[PDB]
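> Handing you this structure, nothing more for now.
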Amino acid sequence: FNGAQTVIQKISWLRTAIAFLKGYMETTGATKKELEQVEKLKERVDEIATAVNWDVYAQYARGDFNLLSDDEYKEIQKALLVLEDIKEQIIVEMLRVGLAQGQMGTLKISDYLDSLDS
Amino acid sequence: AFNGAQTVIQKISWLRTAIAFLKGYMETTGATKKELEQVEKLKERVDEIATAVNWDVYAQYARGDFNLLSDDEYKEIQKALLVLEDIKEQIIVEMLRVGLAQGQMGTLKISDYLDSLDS
């Protein structure tokens, strides 16, 4: 797998998803608790994001080859996992706040978010 | 000369990845508190402009994924794009200052690598 691209795409999706939620909340006037929960999620993203910055440089440094150590690979995989839990909590938050009411889950929102990243 | 939310996200993401790339290099080579603080001024600039342009992520969606903007909205975005392009050149300057690149050939190879991570 391409380690750096993978983590970057996941962080970018999650940041764009937070921007989306923030905007929906401003336009609809969400509860104080709702804006707190979103803020808590953004902080969880910034924390995990820094844990992987090493790979953004590391990958470039070793001739753009994806030749990582066992320990490095595992830490990237564990970060990828935390990021996927964040995605889950984002979608759950979207649904809880009234986003995607008359929509088949968050399918359209998700497709729109994916479009912004590629 | 933009296309809405996609342009802004792609610009903010490149800037955020370049900062990640700078913090990444500094960890390996070792950095001072002063060396780290100038990277942090850049990160704070990206976070400032990002929050002023975030409304457009939900707004473009709320109108059939069409970049359809009001007068205030369009002017506000024209401003934000100018600041973002300034931060981009500041980061390039930073790449040379910290010794990550020597000349225009090095800054291009790093940007090409950052584009590749984002696209």
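Residue numbering restarts at 1 in every chain; chains get A, B, ... in the order shown in the structure tokens, and ligands count up from 1 in that same order.
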Could you please tell me, as a tab-separated table (two decimals) with C-alpha atoms, in the first residue's frame, which residues of chain B have an atom within 10 Å of chain A when using only C-alpha atoms?


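Saved to part30.tsv:
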chain	number	residue	atom	x	y	z
B	4	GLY	CA	-15.86	26.08	-5.42
B	5	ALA	CA	-15.31	23.75	-2.40
B	6	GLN	CA	-13.02	21.32	-4.32
B	7	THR	CA	-10.48	24.16	-5.08
B	8	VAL	CA	-10.45	25.34	-1.40
B	9	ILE	CA	-10.14	21.76	0.06
B	10	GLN	CA	-7.35	20.88	-2.39
B	12	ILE	CA	-5.98	23.75	2.41
B	13	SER	CA	-5.03	19.98	2.17
B	14	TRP	CA	-1.79	20.70	0.24
B	16	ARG	CA	-1.61	20.94	5.76
B	17	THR	CA	0.42	18.09	4.12
B	18	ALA	CA	3.39	20.43	3.44
B	19	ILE	CA	3.35	21.43	7.17
B	20	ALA	CA	3.17	17.66	8.07
B	21	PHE	CA	6.10	17.13	5.72
B	22	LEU	CA	8.05	20.02	7.49
B	23	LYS	CA	7.28	18.73	11.01
B	24	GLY	CA	8.21	15.24	9.71
B	25	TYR	CA	11.66	16.36	8.50
B	26	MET	CA	12.36	18.39	11.70
B	27	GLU	CA	11.73	15.29	13.89
B	28	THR	CA	14.45	13.31	12.00
B	50	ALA	CA	-9.60	27.39	6.71
B	51	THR	CA	-12.28	28.39	9.27
B	53	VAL	CA	-13.75	29.37	4.09
B	54	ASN	CA	-15.40	26.23	5.73
B	55	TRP	CA	-19.02	27.48	5.25
B	56	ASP	CA	-18.61	26.71	1.48
B	57	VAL	CA	-18.20	22.93	2.15
B	58	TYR	CA	-21.80	22.67	3.42
B	59	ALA	CA	-23.06	25.60	1.20
B	60	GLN	CA	-21.97	24.03	-2.13
B	61	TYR	CA	-23.81	20.84	-1.00
B	62	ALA	CA	-26.99	22.69	0.11
B	64	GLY	CA	-26.96	20.72	-5.72
B	65	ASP	CA	-23.12	20.61	-5.76
B	109	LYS	CA	10.14	17.65	-6.53
B	110	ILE	CA	8.73	18.23	-3.02
B	113	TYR	CA	5.35	14.57	-3.99
B	114	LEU	CA	2.78	16.62	-2.02
B	115	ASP	CA	0.41	16.84	-5.05
B	116	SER	CA	0.73	12.99	-5.38
B	117	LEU	CA	-0.37	12.53	-1.75
B	118	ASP	CA	-3.39	14.81	-2.21
B	119	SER	CA	-4.70	13.72	-5.67

> Could you please determine the separation between CA of residue 80 in chain B and CA of residue 45 in chain B in Å, to one decimal place?

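Atom-to-atom, CA of residue 80 in chain B to CA of residue 45 in chain B, that is 11.1 Å.
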
> What residues in chain B get the DSSP label helix (DSSP H, G or I)? Please answer as number ranges by chain.

B: 5-29, 33-53, 55-62, 71-97, 104-118

> Kindly give the distance, in Å, that separates CA of residue 91 in chain A and CA of residue 114 in chain A, rounded to a single decimal.

13.5 Å

> Between CA of residue 94 in chain A and CA of residue 111 in chain A, what is the distance, to one decimal in Å?

14.2 Å

> With a distance cut-off of 8 Å and only C-alpha atoms, select the neighbouring residues of residue 83 in chain A, excluding the residue or stretch itself and same-chain residues fewer than 5 positions from it, and output the selection as a PyMOL selection string.

chain A and resi 10-11+45+48

> Which of these, B:1, B:101, B:84, B:68, has the shortest distance to residue 42 in chain B once you count only C-alpha atoms?

B:84
